[PDB]
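This chain uses plain numbering: 1 for the first residue, then up along the sequence. Numbering of ligands and ligand atoms starts at 1, following listing order.
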Amino acid sequence: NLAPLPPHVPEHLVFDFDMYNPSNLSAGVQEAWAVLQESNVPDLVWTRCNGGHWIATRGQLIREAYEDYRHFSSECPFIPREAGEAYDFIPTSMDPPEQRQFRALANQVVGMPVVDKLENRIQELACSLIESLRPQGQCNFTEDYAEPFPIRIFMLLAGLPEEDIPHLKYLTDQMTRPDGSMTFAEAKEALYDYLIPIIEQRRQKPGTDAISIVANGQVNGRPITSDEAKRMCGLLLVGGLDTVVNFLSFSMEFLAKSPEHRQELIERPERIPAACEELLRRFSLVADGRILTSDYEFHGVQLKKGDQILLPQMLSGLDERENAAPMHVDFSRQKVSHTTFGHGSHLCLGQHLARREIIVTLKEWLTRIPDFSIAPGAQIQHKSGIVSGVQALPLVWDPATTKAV
Ligand code: HEM
Ligand SMILES: CN(C)c1cccc2c(S(=O)(=O)NCCOCCOCCNC(=O)[C@]34C[C@H]5C[C@H](C[C@H](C5)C3)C4)cccc12
Ligand SMILES: [K+]
């Protein structure tokens with residue numbers, strides 16, 4: 001489905017990349033996107049897929065556009081446009097300067113100080129999940145560890161009850177794993193519908209959970225509205241789910257296929273934080289974007305007001321112009337540059353929580369289950385979109401090589 005080429009887009013910049021079903025996807029999703037960085041592909045191209053939009057293909061342009069919020073607005077951040085148009089999460093759908101105070105409030109509840117009182121539940125959570133799988137000699141890592149882990153952490157951050165996990169999980173999957181049964185807007189309303197009463201409850205009777213802080217916060221002078229509070233809690237919920245689920249999956253798929261990298265981390269556990277950083281670069285997975293606020297020439301290319309531009313956070317660290325031999329994982333890589341957590345005013349607020357979740361997972365898994373493999377005969381399937389991922393991750397190990405800890 002190739003949308004008619006707008007008159008202002010020259011034909012030499014056309015490259016019909018499909019972000020939801022890239023060709024060569026079977027070879028790995030990062031590799032599928034990296035086709036945009038082969039030598040005969042311009043720094044900035046137009047695809048007619050998914051309604052028609054620009055794609056910046058190089059770290060320098062991706063970073064620049066993310067810095068220039070005046071021209072590249074978060075008001076419509078998703079492709080296709082209809083999804084971008086409905087989306088009203090806070091602060092991701094706002095531009096500076098109104099975004100600033102909402103980001104400050106969100107930061108209180110997911111920021112670096114909060115990551116200390118949570119560490120213990122994160123550690124405990126990772127250990128009991130791993131210990132439950134360890135004697136089986138197999139799991140589907142995506143389903144059995146990756147999925148339950150971040151939602152359980154969010155419940156403890158937001159002071160919500162465990163029994164709600166399955167309902168909430170059903171709601172969020174309906175939003176981010178579309179089978180096409182309902183529109184983005186439709187799924188989002190279903191989600192808000194759960195959240196609306198909880199905010200009502202916690203505005204009248206506030207506690208000390210993240211939802212209570214948000215719903216009773218002060219922004220831009222005055223108290224936050226119930227509408228604003230819902231739009232914030234919606235994003236605090238979903239922001240840390242698919243990203244962490246899919247990232248851990250990519251990481252574990254790599255370690256399962258790489259005994260030498262496994263052993264490196266087993267022999268030298270102090271290298272885990274650095275290995276986390278290099279995996280973050282290599283298996284970067286987010287791609288959202290911006291909408292042009294005005295006509296604007298960007299690196300020799302005429303962009304038109306209302307044009308959408310995909311600015312793939314994924315691509316910056318895969319750019320061979322900023323990391324030599326980018327497809328190779330080197331835990332001893334000396335200057336690891338990436339925009340995996342974004343760039344500019346919307347830089348991931350959960351990046352510190354995310355790193356703890358990743359580092360704790362790797363530390364605790366390698367200690368209990370040092371030697372594991374991809375199940376024999378399994379072909380690992382990837383999916384591509386705004387948050388790329390792993391369909392399933394069947395792993396196997398000999399329980400006799402494991403230790404209860
Ligand atoms: C591997 C894990 C994660 C990755 C790769 C990731 C990636 C990103 C990216 C690329 C953005 C920028 C979006 C944009 O500019 O439009 C972002 C923003 C954000 N992230 Fe994450 N994220 C992760 C985990 C988390 C977690 C655990 C949380 C906490 C619940 C979280 C909360 C947020 C929030 C609230 C924003 C919006 C910041 C703003 O608009 O000012 N993220 N993340
Ligand atoms: C034109 N056409 C026929 C169509 C074709 C193809 C698909 C279509 C879809 S669609 O169903 O594929 N589009 C909806 C998919 O987007 C889900 C992502 O939102 C989840 C919330 N995540 C964040 O807020 C995040 C905000 C930021 C950035 C990331 C990571 C994290 C932080 C959380 C996302 C809908 C309608 C039409 C479609
Ligand atoms: K919008």
S.K.: Would you say atom 17 (C) of ligand 2 has a protein heavy atom nearer than 4.0 Å?
M.R.: yes
S.K.: Any atoms of ligand 2 less than 4.0 Å from a non-hydrogen atom of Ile386? List them with their elements.
M.R.: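 Near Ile386, meaning under 4.0 Å from one of its heavy atoms, ligand 2 has 16 (O), 29 (C), 34 (C).
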S.K.: Which protein non-hydrogen atom lies closest to atom 12 (O) of ligand 2, naming both residue and atom, and how far is it?
M.R.: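 It is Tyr20 CE2, 3.8 Å.
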S.K.: Got the closest protein heavy atom to atom 37 (C) of ligand 1, with its distance?
M.R.: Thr92 CG2, 3.4 Å
S.K.: Hey, does the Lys NZ or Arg CZ of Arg262 hover above the aromatic six-ring of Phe254, less than 6.0 Å from the centre and inside 45° of the axis?
M.R.: no
S.K.: Of all the atoms in ligand 2, which lie at a distance below 4.0 Å from a heavy atom belonging to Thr176?
M.R.: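 Matching atoms, with element in brackets: 20 (C).
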S.K.: Looking only at protein heavy atoms, which one is nearest to atom 35 (C) of ligand 1, and how far off is it?
M.R.: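 Looking at atom 35 (C) of ligand 1, the protein heavy atom closest to it is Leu235 CD2, 3.7 Å.
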S.K.: Pick whichever of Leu349, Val387, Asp288, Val244 has a heavy atom sitting closest to atom 33 (C) of ligand 1.
M.R.: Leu349
S.K.: Report, in ascending order of atom number, the atoms of ligand 2 lying under 4.0 Å from any heavy atom of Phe89.
M.R.: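 So the answer, numbered in order with elements, is 24 (O).
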S.K.: Nearest to atom 30 (C) of ligand 1, what protein heavy atom do you find, and at what distance?
M.R.: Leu236 O, 3.2 Å
S.K.: Measure the distance from atom 33 (C) of ligand 2 to every protein heavy atom, then report the residue, atom name and distance (to 0.1 Å) of the closest one.
M.R.: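 Protein heavy atom with the smallest distance to atom 33 (C) of ligand 2: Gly239 CA, 3.8 Å.
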S.K.: Rounded to the nearest 0.5 Å, what's the gap from CD1 on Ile309 to CD1 on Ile79? Could you check?
M.R.: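 That separation rounds to 9.0 Å.
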S.K.: Provide, to 0.1 Å, the distance between atom 32 (C) of ligand 1 and the closest protein heavy atom, together with that atom's residue and name.
M.R.: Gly350 N, 3.8 Å
S.K.: Please work out, at 4.0 Å between heavy atoms, whether the side chain, the backbone, both, or neither of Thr183 comes within that distance of ligand 2.
M.R.: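 Neither; no heavy atom under 4.0 Å.
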S.K.: Tell me, which protein residue and heavy-atom name are nearest atom 27 (C) of ligand 2, and how many Å apart are they?
M.R.: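 Of every protein heavy atom, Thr92 CG2, 4.2 Å lies nearest to atom 27 (C) of ligand 2.
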S.K.: Please determine whether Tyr87 has a backbone or side-chain N, O or S atom lying under 3.4 Å from the K ion (ligand 3).
M.R.: yes
S.K.: Pick, from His338, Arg290, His343, the option with the minimum heavy-atom distance to atom 15 (O) of ligand 1.
M.R.: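 Shortest heavy-atom distance from atom 15 (O) of ligand 1: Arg290.
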S.K.: Would you call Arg48-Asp16 a salt bridge at under 4.0 Å N-O?
M.R.: yes
S.K.: Is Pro77 close enough to the K ion (ligand 3) that one of its N, O or S atoms comes in under 3.4 Å?
M.R.: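 No, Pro77 does not qualify, because none of its backbone or side-chain N, O or S atoms lies under 3.4 Å.
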S.K.: For the residue pair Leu129 and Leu133, establish whether any side-chain heavy-atom pair is separated by less than 4.5 Å.
M.R.: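 Not in contact.
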S.K.: At the K ion (ligand 3), what is the angle formed between atom O of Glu85 and atom O of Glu75, rounded to the nearest 10°?
M.R.: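 Rounding to the nearest 10 degrees gives 140°.
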S.K.: On the 0 to 90° scale, with breaks at 30° and 60°, tag the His338-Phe341 ring pair as parallel, tilted or perpendicular.
M.R.: perpendicular
S.K.: In terms of atom number and element, which parts of ligand 2 are under 4.0 angstrom from non-hydrogen atoms of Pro178?
M.R.: 11 (O)
S.K.: Got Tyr66 and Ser74 here, is their nearest side-chain heavy-atom distance under 4.5 Å?
M.R.: no
S.K.: Backbone or side chain, does any N or O of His346 fall under 3.5 Å from an N or O of ligand 1?
M.R.: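 Yes, there is a polar N/O contact under 3.5 Å.
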S.K.: Do me a favour and list the nearest non-hydrogen protein atom to atom 8 (C) of ligand 1 with residue, atom name and distance?
M.R.: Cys348 CB, 3.8 Å
S.K.: Under 4.0 Å from any heavy atom of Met175, which atoms of ligand 2 are there?
M.R.: 17 (C), 20 (C), 21 (C)
S.K.: Measure the distances from the heavy atoms of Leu285 to every atom of ligand 1 and state whether one is below 4.0 angstrom.
M.R.: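 Yes; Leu285 lies near enough to ligand 1 that a heavy-atom distance drops under 4.0 Å.
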S.K.: With heavy atoms of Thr243 as the reference, note each atom of ligand 2 found under 4.0 Å away.
M.R.: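 Counting from 1, the qualifying ligand atoms are 30 (C).
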S.K.: Tell me whether the centres of the aromatic rings in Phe72 and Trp54 are closer together than 6.0 Å.
M.R.: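 Here the rings of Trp54 and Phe72 have centres that are no less than 6.0 Å from each other.
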S.K.: Check step by step if side-chain contact (heavy atoms from CB on, under 4.5 Å) holds for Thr92 and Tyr87.
M.R.: CA-CA 9 Å; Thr92 43; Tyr87 179 81; 2.5 Å; yes
S.K.: For a 4.5 angstrom cut-off between non-hydrogen side-chain atoms, does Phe298 reach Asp68?
M.R.: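 Of all side-chain heavy-atom pairs linking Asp68 with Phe298, none is under 4.5 Å.
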S.K.: Which of the numbered atoms in ligand 2 are below 4.0 angstrom from a heavy atom of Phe184?
M.R.: 14 (C), 17 (C), 19 (O)
S.K.: For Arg70, is there an ion pair with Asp95 - N to carboxylate O distance below 4.0 angstrom?
M.R.: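 No, no charged N to carboxylate O under 4.0 Å.
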S.K.: Just to confirm my output: which protein heavy-atom neighbour is closest to atom 5 (C) of ligand 2, and how far is it?
M.R.: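 For atom 5 (C) of ligand 2, the nearest protein heavy atom is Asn50 ND2, 4.0 Å.
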S.K.: Quick test of your reading of the structure: of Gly240, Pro150, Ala287, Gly289, whose heavy atom lies closest to atom 27 (C) of ligand 1?
M.R.: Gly240
S.K.: Evaluating non-hydrogen atoms only, which member of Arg356, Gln313, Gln351 is closest to atom 10 (C) of ligand 1?
M.R.: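 Checking each option, the heavy atom nearest atom 10 (C) of ligand 1 is found in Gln313.
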S.K.: Looking at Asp307 and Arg290, is any side-chain nitrogen of the basic one under 4.0 Å from a carboxylate oxygen of the acidic one?
M.R.: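 Judged by the 4.0 Å cut-off on N to carboxylate O distance, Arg290 and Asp307 do not form a salt bridge.
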S.K.: Under 4.0 Å from ligand 1, counting heavy atoms only, is it the side chain of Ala106, its backbone, both or neither?
M.R.: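 Neither; no heavy atom under 4.0 Å.
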S.K.: Hey, can you tell me if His167 and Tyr194 have their rings parallel, tilted or perpendicular (30° and 60° cut-offs)?
M.R.: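 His167 vs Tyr194 ring planes: tilted.
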S.K.: Atom 7 (C) of ligand 2: which protein heavy atom is closest, and how many Å away?
M.R.: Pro80 CD, 4.2 Å
S.K.: Look at atom 26 (C) of ligand 2 and say which protein heavy atom is nearest, naming residue and atom and giving the distance to 0.1 Å.
M.R.: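 Of every protein heavy atom, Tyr87 OH, 3.5 Å lies nearest to atom 26 (C) of ligand 2.
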S.K.: Nearest protein heavy-atom contact for atom 28 (C) of ligand 2: which residue, which atom, what distance?
M.R.: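 The answer is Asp288 OD2, 3.8 Å.
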S.K.: Quick test of your reading of the model: are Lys257 and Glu253 salt-bridged, counting only N-O distances below 4.0 Å?
M.R.: yes
S.K.: Among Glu322, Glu38, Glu320, which one satisfies salt bridge (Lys or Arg N to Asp or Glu O under 4.0 Å) with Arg58?
M.R.: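 Among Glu322, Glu38, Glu320, the one that satisfies the salt bridge (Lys or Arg N to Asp or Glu O under 4.0 Å) with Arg58 is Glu320.
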S.K.: If you have a sec, work out which protein heavy atom is nearest atom 13 (N) of ligand 2 and how many Å separate them, to one decimal?
M.R.: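 It is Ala83 CB, 4.0 Å.
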S.K.: Distance only, no hydrogens: is a donor on one side chain within 3.5 Å (strictly under) of an acceptor on the other, for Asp88 and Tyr192?
M.R.: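 A pair is found: one side chain offers a donor N or O, the other an acceptor, under 3.5 Å apart.
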S.K.: Kindly indicate whether the side chain of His71, heavy atoms from C-beta on, has any atom under 4.5 Å from the side chain of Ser294.
M.R.: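 Yes, at least one pair of side-chain atoms sits under 4.5 Å.
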S.K.: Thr340 versus ligand 1: do any nitrogen or oxygen atoms come within less than 3.5 Å of each other?
M.R.: no
S.K.: Ring-plane angle category for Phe283 and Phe250, please: parallel below 30°, perpendicular beyond 60°, tilted otherwise.
M.R.: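 Plane angle under 30°, so parallel.
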S.K.: Take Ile90 and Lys230 through the side-chain contact (heavy atoms from CB on, under 4.5 Å) test and state the conclusion after the steps.
M.R.: CA-CA 9 Å; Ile90 288 169; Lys230 86 182 86 160; over 6 Å; no
S.K.: Check the surroundings of atom CD in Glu200: do more than 12 heavy atoms from other residues, nucleotides or ligands lie under 6.0 Å from it?
M.R.: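 No, CD of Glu200 has 12 or fewer neighbouring heavy atoms, counting only those of other groups under 6.0 Å.
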S.K.: One residue to check: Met94. Relative to ligand 1, which of side chain, backbone, both or neither has a non-hydrogen atom less than 4.0 Å away?
M.R.: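 It is neither part, as no heavy atom is under 4.0 Å.
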S.K.: Does the protein place a non-hydrogen atom closer than 4.0 angstrom to atom 21 (C) of ligand 2?
M.R.: yes
S.K.: Is any side-chain heavy atom of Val405 closer than 4.5 Å to one of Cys127?
M.R.: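 Not in contact.
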